[PDB]
Amino acid sequence: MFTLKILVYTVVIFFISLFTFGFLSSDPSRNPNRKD
Amino acid sequence: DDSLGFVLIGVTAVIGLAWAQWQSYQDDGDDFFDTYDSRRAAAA
Amino acid sequence: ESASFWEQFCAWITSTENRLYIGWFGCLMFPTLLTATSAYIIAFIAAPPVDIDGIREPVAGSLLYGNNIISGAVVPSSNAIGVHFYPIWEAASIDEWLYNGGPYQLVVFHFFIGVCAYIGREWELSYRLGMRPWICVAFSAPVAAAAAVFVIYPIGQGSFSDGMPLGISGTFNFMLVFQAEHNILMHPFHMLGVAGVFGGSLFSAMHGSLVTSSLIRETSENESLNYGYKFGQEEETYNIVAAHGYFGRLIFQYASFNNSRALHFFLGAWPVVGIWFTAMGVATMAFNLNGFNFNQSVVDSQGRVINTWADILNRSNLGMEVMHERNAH
Amino acid sequence: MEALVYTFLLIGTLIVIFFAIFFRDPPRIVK
Amino acid sequence: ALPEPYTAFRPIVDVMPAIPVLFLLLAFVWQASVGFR
Amino acid sequence: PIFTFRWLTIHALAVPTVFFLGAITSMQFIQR
Amino acid sequence: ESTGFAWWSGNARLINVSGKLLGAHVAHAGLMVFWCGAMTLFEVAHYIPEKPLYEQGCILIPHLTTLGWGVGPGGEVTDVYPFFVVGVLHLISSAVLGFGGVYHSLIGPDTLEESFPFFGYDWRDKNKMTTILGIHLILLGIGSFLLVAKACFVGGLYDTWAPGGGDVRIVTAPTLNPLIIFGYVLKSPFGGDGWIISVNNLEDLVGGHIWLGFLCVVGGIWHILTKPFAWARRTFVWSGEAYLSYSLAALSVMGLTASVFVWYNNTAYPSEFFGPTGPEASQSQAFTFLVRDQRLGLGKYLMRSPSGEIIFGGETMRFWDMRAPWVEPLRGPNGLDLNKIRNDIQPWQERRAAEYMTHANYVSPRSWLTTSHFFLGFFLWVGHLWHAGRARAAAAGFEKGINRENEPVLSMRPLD
Amino acid sequence: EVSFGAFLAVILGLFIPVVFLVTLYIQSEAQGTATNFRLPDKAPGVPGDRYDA
Amino acid sequence: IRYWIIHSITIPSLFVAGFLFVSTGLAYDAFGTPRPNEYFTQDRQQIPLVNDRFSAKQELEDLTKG
Amino acid sequence: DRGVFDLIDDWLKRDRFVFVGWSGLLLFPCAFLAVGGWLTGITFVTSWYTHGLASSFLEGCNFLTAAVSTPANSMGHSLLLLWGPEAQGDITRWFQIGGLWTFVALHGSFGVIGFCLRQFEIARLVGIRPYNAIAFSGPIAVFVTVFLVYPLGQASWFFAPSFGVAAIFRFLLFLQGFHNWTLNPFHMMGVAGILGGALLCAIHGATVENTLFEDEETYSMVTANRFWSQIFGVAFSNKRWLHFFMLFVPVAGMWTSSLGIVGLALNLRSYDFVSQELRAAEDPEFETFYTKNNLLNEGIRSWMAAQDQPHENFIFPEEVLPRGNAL
Amino acid sequence: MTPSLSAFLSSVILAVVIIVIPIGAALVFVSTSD
Ligand code: CLA
Ligand code: CLA
Ligand SMILES: CC1=C(/C=C/C(C)=C/C=C/C(C)=C/C=C/C=C(C)/C=C/C=C(C)/C=C/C2=C(C)CCCC2(C)C)C(C)(C)CCC1
Ligand SMILES: CC1=C(/C=C/C(C)=C/C=C/C(C)=C/C=C/C=C(C)/C=C/C=C(C)/C=C/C2=C(C)CCCC2(C)C)C(C)(C)CCC1
Ligand SMILES: CCCCCCCCCCCCO[C@H]1O[C@H](CO)[C@@H](O[C@H]2O[C@H](CO)[C@@H](O)[C@H](O)[C@H]2O)[C@H](O)[C@H]1O
Ligand SMILES: [Fe+2]
């Protein structure tokens, strides 16, 4: 039961961290009207 | 593992070090005067 | 010199060449919506009955326990839980988790996160394709309605048990109980929502009939007219002036939308604003700000009450209300 | 066997949806 | 229950809440007077 | 003076509307 | 129309015009203060001394009596003169703000960039924008300390949890330990925990305001003296619409939080001027009925919670986490103690619950505040979506539509 | 009480129109008319070229 | 010019005619709408409902009299 | 042209402030009388002698509660003509027995016939296909089935909807309580069409306005197809199929729900699942949301029947009134 | 001739002489005039 909590916590934090660090990876530049 | 901050710290470290490796070759030190930064270094 | 793993990951995530766009919002959307879908399918097919009331009489909602597709539902969480966070690891057994309506909480929370991330993903793809970003604002209205029906009404009522069940007959039961307790039919915001939905259907059928009526001839005698349009063509596929003349002569000439842009803004705006207002009505009735009460509004000279149609509606509400309060006293 | 029929119908609908998404007619832009 | 030396200012008090609303209608009539410029 | 189709149509609406509007106003002063 | 915006989007013409933008903002602030003063005067003009504040549709006066102005023991309203002086002070301050706003909008400088370089700004000047944010953060941190002055030195705050029925209590020992404060901030938002809404004492409130004021003043100093870092510069959009969108998202979060706050919390919104909460009214009905049952000659009214708790049964068992100042003297370690119920019951505790049960066409001011600020919070989230999308698309350069010559989709590979 | 006639109504009410649609599409593929991304008919009975061609 | 002078007389006359159609009680008699003092009578304490189709005219007259 | 018929035809189709046509000879008087009859009823005419209700502005009702109520149940399916054997020329007795309802319904029914003929006439005059007339057949089918076919299968005109806001609200709860109309699959197809039509209106208006060209076609169909293919999985590629679909789904929703109302006229309702009802009878612990709904339908029926049908003189004691306290 | 039958005959006659014939005459007049 605690192991399931561990795995769910790890998965949730992994996906949230993917979202957060992805939007920090110069997201406004990833657009087709980029200057250079 | 009484507190559950080890999962938070550990996973955000692993993805954070991957993001830090990408950030290392970003030549973002110079400041820009624009609405958004168009500079993004690709292929290392 | 070698590109970092994070750069390749960011290039693949925000790639516009994927069959389904993923994006950073999709990094939240896809796992949450997939676990909500899997949990909903499993709980709909096989799940033991949930004691929603608390008086140890459970409600069967799964197909394996004597339900069909119409009557089957994922029953809301138990009244004992209320608005408590109830994951699987907080229950003593899986049997107790299924008995208290935990799958409802799991599916509802993952679905809510998924639809908010769907709004963000719609903005994200609109940004990667270089188009204007207001489709997500249009999708914010059914998301607001789902939020009011699944999260915000349980917050106001203090329990996830009176949230809308994830089923057809459960949806009808929610509607009847909500009408009994709040008189949503006489709420002005539900009137605005019905106006938005009815008008949206009217304007959709009207615009579709107007465009279908004035299609320019490009096909043969009995060939399907849809081959007359080429995907990616520049010229108009229908005669705009003929449709405008028909609509002007149909009611009056000043009401014809001479601009297709203003007409399409009106089409996109009317049901969205209507659904926004009905969502805000449902969420405001959660905090007991009920609809219009026109009960006993007509009396004679001697004080006797002359009923109106609102009194008959109130009688129906009273019948549903006294049947809802199962052994409350 | 009613629940079996219901499950078969729902799974078949999801299979049809999967085929309609991923094995759709590929859109080609006219020249 | 207004204070005693200002009880004669009771009628003007009830219309004080509605002044912010008519400021919004003031913007609409100003544009309508200028011809929606 | 003017008795054309334009005159007959809009007087068929305006004449009962104003009469009904006066009747509605009178109902506001009925003590009930 | 030559600016690109029609009359229905006319305030969008003031994005680059800094002086007129300042005039519009100061005029709107004057309107806010004018409404504040006018509502305070309206509420004191219609105030009936015998009735409680929540029976007269009062929203502004209940906030003022929570700060210890014109209050008595048990929540009695004594003198409406402090409320009157607060309303007239806001009314006088509104005329100053209205005149300054109309001056800066009409006859002031159009763009205060060529003159007054301290007040002139550009939306892309990341150093200048952090300075304004730092100054206003310092001002907000000072304002948070004004509540601390009102709580520890000037008069006191009405402590509804004081024994005997509540009183204006001076706080001398605020909770300065950051573990409790930031555990309140990091608390779960579900039932039982309740995030920051479960602040159940004045000490945690004033200590959290001390910590917030210190954080805001050091953050304001920091934002004045520093510049955005490289990650922040590469992440955000530097334009007026973008900053408006960020503020809209924040304000939407605050609106929803305050709606649920006034719906649930009993400390910052005591049940003597705002009325009982929904759970409070339900448990008041159950408790009063149990009192009548015990007086006129108990498992019929109570039940055994599985967590070792004694709580009221029936439909009100879902509100077992409700904490009230008139239940706690009868609540021991395991919940409702039967001996404490039969013996320690006091006449002040039974009148409150007798009043709350019949005040569950009446709409409570809690319901009005909750519904109105929830409506505003949701629509401000919608406005955040609109302005964030428009700011990002206008910064990238395709907010006016797709270029027919270089269409981005036509240059991509086919999907399948 | 498994209603025997109801089982046939669900089965045959699903099988027969699915069969009719599947048979129509397969002979459409054989004739080269099973796509909407093609030009209108050049001649009676002659389908137009595909957009990719 | 004559547009306004007609509508300065006929329009107030029509509004007045509507006002004195309800305030004089003529609207109650014309449409059969009961006044607030005649919803019930002394000899009739229940709701007066028509129970026969072809005697509906006669039934209403012997029930609304007085 | 040549012949008196041709001058009338030319005058009726002449471009004026409002088109008349030959259909206007039927549409304009019938629609004016139906709307004028409805406005007369909600202002002056009562429902005291038919329903035991006040339903006019004269009696103190507002716009939400005023209605033109249905005739008395004793009238049956009578046409209730002003000169008919019920009113016998008495305009006052005609108003009291509910003759204004049949006036509004019959003139309204010929009004919507004239409007659909008007759609056919202007389409022939302009020269376009008559798809707006086919789309209006949806509202025609809904009006005909609900206001005419449903009372014609029932006992009388009394059980038809009354022309009012709160009166329509009663009709919604009446058909739920007495017919379990929400559980009917034809209403379900109607809800899908009407909610789908509102979805199609919102999603098409947003897509066109958000794929516009900065200024032939005003928006990018290729960009719109690419966006929805990656967001939703499928997307429209044919503009003509997209607009037929915007016609089809709300109109098909009107037509599918009208077929179920015809069944409801003869009480051929989808009230119960028999196997689920039998299993709950033998096993009292069995309970689903469908079984809870049938309990609420019993609560609707018994608690409204005393006042919704006052002609029956229902006297229900408190013992027989269903309650949650007796399960 | 019962009163209902006489009422029906009167209704038919009234419809023809108040609705049909006046509208037709007005249409003929305005069509020959314009
Ligand atoms: C602090 C909040 C704030 C600020 C400073 C702005 C600022 C701006 N907005 Mg943004 N917005 C906000 C909140 C805000 N908005 C919210 C909450 C929403 C969601 C509804 C939006 C959605 C929005 C849209 C869709 C648009 C803007 C636009 C604009 C710009 C033009 C202003 C304008 O059009 O006024 C004009 C004001 C009016 C015409 C009057 C509006 C009154 C409406 C019709 C009724 C509102 C209800 C009101 C309370 C009355 C109710 C009465 C009731 C009793 C019946 C300007 C930059 C425009 C923009 O995008 O271009 C740059 C534009 O098109 N906003
Ligand atoms: C909170 C409300 C508010 C405020 C403060 C502003 C502010 C402003 N607007 Mg906006 N606007 C609003 C709401 C507001 N707007 C709404 C709801 C709409 C939709 C109708 C608009 C549509 C709009 C358009 C289309 C334009 C503006 C423009 C402007 C600016 C120039 C004003 C001007 O030239 O007026 C002149 C007005 C008058 C001469 C008549 C009013 C006279 C004064 C101001 C009345 C003050 C009364 C008050 C009691 C005085 C107290 C003083 C006393 C205390 C001493 C100004 C900064 C313009 C612009 O953006 O830049 C130039 C412009 O073109 N607005
Ligand atoms: C710019 C502009 C605008 C805006 C404006 C504004 C917004 C304004 C504001 C203003 C303001 C906001 C003002 C205020 C005022 C106030 C006043 C003027 C005051 C006075 C006071 C007094 C007089 C008082 C007295 C008293 C006392 C003392 C006691 C009690 C009684 C009494 C109350 C009487 C608009 C939109 C319109 C338009 C465009 C332009
Ligand atoms: C007063 C008081 C209190 C409090 C205190 C405190 C101390 C507070 C604080 C608070 C806090 C401390 C807060 C915080 C917040 C935060 C937030 C809200 C965040 C957000 C974030 C964001 C917004 C971001 C985003 C993003 C991402 C994620 C990615 C990338 C992109 C971006 C950047 C956009 C208490 C309750 C105790 C008591 C009573 C009184
Ligand atoms: C800022 C937006 C906030 C949105 C919150 C929701 C607001 C929309 C709700 C509209 C109906 C609210 O209705 C609530 O207030 C009305 C105030 O007159 C009252 O409703 C009643 O008002 C009058 C008597 O007081 C009478 O006309 C009626 O009996 C009834 O309309 C009731 O107190 C309650 O039914
Ligand atoms: Fe279109």
Side-chain angles (χ1 to χ4, degrees), chain C residues 134 137 140 183 186-189 269 273 276-277 280-281 283-285 287-295 297, chain E residues 2-3 5-6 8-13 16 19-31, chain G residues 4-15 20-21 23-35 37-38 41 45 57 84 87-88 91-106 240-241 244-245 247-248 251-252 361-363 367-368 370-387 389-391 394 399, chain J residues 62 64:
Chain C
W134 293 311
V137 188
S140 84
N183 210 350
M186 296 282 309
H187 203 281
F189 282 2
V273 173
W276 273 342
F277 269 103
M280 280 312 100
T284 45
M285 272 153 279
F287 311 107
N288 296 325
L289 191 43
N290 293 336
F292 286 138
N293 188 76
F294 290 126
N295 273 22
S297 52
Chain E
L2 214 54
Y6 304 110
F9 284 112
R10 176 74 134 59
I12 172 56
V13 153
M16 293 276 117
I19 286 132
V21 168
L22 70 103
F23 263 108
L24 185 133
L25 303 306
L26 193 58
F28 268 94
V29 297
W30 156 55
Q31 287 313 120
Chain G
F5 304 107
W7 70 268
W8 49 263
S9 192
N11 299 319
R13 305 161 185 188
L14 315 159
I15 298 175
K20 295 207 172 323
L21 203 57
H25 276 112
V26 173
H28 189 266
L31 262 175
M32 298 181 68
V33 192
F34 183 85
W35 173 84
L41 292 201
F84 173 75
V88 78
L91 242 183
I92 289 322
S93 315
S94 76
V96 183
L97 291 171
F99 160 69
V102 69
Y103 155 73
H104 273 299
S105 77
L106 284 187
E241 195 151 48
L244 174 58
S245 96
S247 301
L248 279 172
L251 257 300
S252 88
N361 39 357
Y362 172 72
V363 187
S367 276
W368 283 118
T370 308
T371 48
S372 65
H373 279 94
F374 176 84
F375 190 93
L376 294 159
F378 161 71
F379 268 98
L380 257 73
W381 170 69
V382 159
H384 162 62
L385 284 187
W386 182 275
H387 279 299
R390 196 188 186 279
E399 93 275 20
Chain J
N62 48 69
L64 294 183

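Keep in mind that the numbers below use all heavy atoms, side chains included, and drop hydrogens, waters and symmetry copies. Reminder, nothing fancy here: chain letters follow the sequence lines and each chain counts from 1. Counting convention: from 1, in listed order, for ligands and their atoms alike.
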Within the 2.8 Å cut-off the protein N, O or S neighbours of atom 10 (Mg) of ligand 1 are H387(G) NE2
The test is side-chain contact (heavy atoms from CB on, under 4.5 Å); show your working for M186(C) and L64(J) and say whether it passes. CA-CA 8 Å; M186(C) 296 282 309; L64(J) 294 183; 4.1 Å; yes
Contact region, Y6(E) to ligand 3, non-hydrogen atoms below 4.0 Å, reads neither
Measure from atom 28 (C) of ligand 5 to every heavy atom in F292(C), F294(C), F287(C) and give the option owning the shortest one. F294(C)
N293(C) heavy atoms within 4.0 Å reach ligand 5 at atoms 28 (C), 29 (O)
As an exercise, identify every atom of ligand 1 less than 4.0 angstrom from a heavy atom of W8(G). 33 (C), 34 (O), 36 (C), 39 (C), 64 (O)
Proximal ligand 5 atoms for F375(G), defined as those under 4.0 Å from one of its heavy atoms: 2 (C), 4 (C)
Judged by heavy atoms only, the candidate from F378(G), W276(C), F28(E), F379(G) nearest atom 17 (C) of ligand 1 is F379(G)
Quick one: look at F379(G) and ligand 5, take heavy-atom pairs under 4.0 Å, and tell me if it's side chain, backbone, both or neither. neither
Decide if the gap between the ring center of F378(G) and the ring center of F374(G) is smaller than 6.0 angstrom. no
Is it the side chain (CB and beyond), the backbone, both or neither of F99(G) that lies under 4.0 Å from ligand 3, heavy atoms counted? neither
Between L41(G), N11(G), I12(E), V33(G), flag the one that comes closest to atom 33 (C) of ligand 3 by a heavy atom. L41(G)
Does the residue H384(G) have a heavy-atom contact with ligand 1, meaning some pair of atoms that are separated by less than 4.0 Å? no
Using a strict 4.0 Å cut-off to heavy atoms of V363(G), name the atoms of ligand 5 that fall inside it. 33 (O)
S372(G) versus ligand 5: do any nitrogen or oxygen atoms come within less than 3.5 Å of each other? no
Closest protein heavy atom to atom 13 (O) of ligand 5, given as residue, atom name and distance to 0.1 Å: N290(C) O, 3.9 Å
Numbered atoms and elements of ligand 1 in range of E241(G), under 4.0 angstrom, heavy atoms: 62 (C)
Go through ligand 3 atom by atom and flag the ones less than 4.0 Å from a non-hydrogen atom of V88(G). 28 (C)
List in chain and number order the residues that pass side chain to side chain donor-acceptor pair (under 3.5 Å) with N293(C), two or more places apart in sequence or in another chain; answer none if no residue qualifies. none
